[PDB]
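Asker: So I pulled this structure from the PDB, and the sequence comes with it:
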Amino acid sequence: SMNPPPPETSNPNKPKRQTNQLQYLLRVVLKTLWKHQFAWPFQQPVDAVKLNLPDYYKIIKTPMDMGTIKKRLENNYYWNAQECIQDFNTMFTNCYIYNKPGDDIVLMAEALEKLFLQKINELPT
Ligand SMILES: Cn1cc(-c2ccc(C(=O)Nc3cc(-c4ccccc4)ccc3N)nc2)c2cc[nH]c2c1=O
């Protein structure tokens, strides 16, 4: 297909372990962004077929979205908080390098990124 398989969200042989930062990433960061008015373009992988973006996966080499991030957190996929932060950053980068700077999608991404950074700056140690 035009669309890749979605990113893996299960880590079957990794031990399950909570950390304060991962709890924060799920219960504060992801929860706040997931419920935001502008979350909808970002809650699932970009469907280049339905959205008619035949070049999307030519430009975007590392697809990422909040649906994948949510599942990863809910499955304890990440070994540490920085991996999860990196996925958020990748999501936003993809949006900013593919879409035109004036597009409404970019304005929505910036509002979410602002909120993301606001929450990340209060990440527990
Ligand atoms: C990251 N990213 C994402 C999307 C994306 C992803 C999903 C949608 C989607 O679901 N639209 C939708 C919206 C409505 C709706 C919403 C609000 C009010 C009324 C109607 C209804 C149906 C559909 N289908 N749109 C754009 C996208 C496009 C171009 N570039 C990107 C991009 O980089």
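Answerer: Sure thing, it's come through. Residues are numbered from 1 along each chain as shown.

Asker: any idea how far whichever residue of the chain sits closest to the ligand lies from residue 79?
Answerer: The nearest approach of the chain to the ligand comes at residue 41, 3.6 Å away (CB to the nearest ligand atom). Bear in mind the C-beta positions are built from the backbone N, C-alpha and C, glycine included. Counting by CB to CB, to the nearest Å, the gap from residue 41 to residue 79 is 28 Å.

Asker: neighbour-wise, which of the two wins?
Answerer: residue 41 (17 against 14; other CB atoms under 10 Å).

Asker: Name the nearest residue to the residue of the chain closest to the ligand, sequence neighbours excluded.
Answerer: Closest residue to residue 41 apart from its sequence neighbours, by CB to CB, 6 or more residues apart in numbering: residue 105 at 5.7 Å.

Asker: can you check residue 53 too?
Answerer: With sequence-adjacent residues excluded and distances taken as CB to CB, 6+ apart, residue 53 is closest to residue 46, at 6.8 Å.

Asker: sorry, back to before: from residue 38, how far off is the residue nearest to residue 41?
Answerer: Counting by CB to CB - residue 105 and residue 38 are separated by 9 Å.

Asker: Looks like residue 10 contacts residue 77 (just checking).
Answerer: Yes - Residue 10 is within contact range of residue 77, at 6.7 Å (criterion: CB atoms under 8 Å).

Asker: Among these two, which residue is more densely surrounded?
Answerer: Taking other CB under 10 Å, residue 10 and residue 77 do not tie; residue 77 has more neighbours (21 against 10).

Asker: got the residues of this structure near the ligand?
Answerer: Neighbours of the ligand within the chain, by CB under 6 Å from any ligand atom: 40-42, 46, 51, 95, 98-99, 105.

Asker: Which one of the residues you listed is nearest to residue 60?
Answerer: Nearest to residue 60 among these: residue 98, at 5.9 Å, using CB to CB.

Asker: Got the phi and psi for that closest one?
Answerer: Main-chain torsions, residue 98, degrees, to the nearest 10: phi -90, psi -50.
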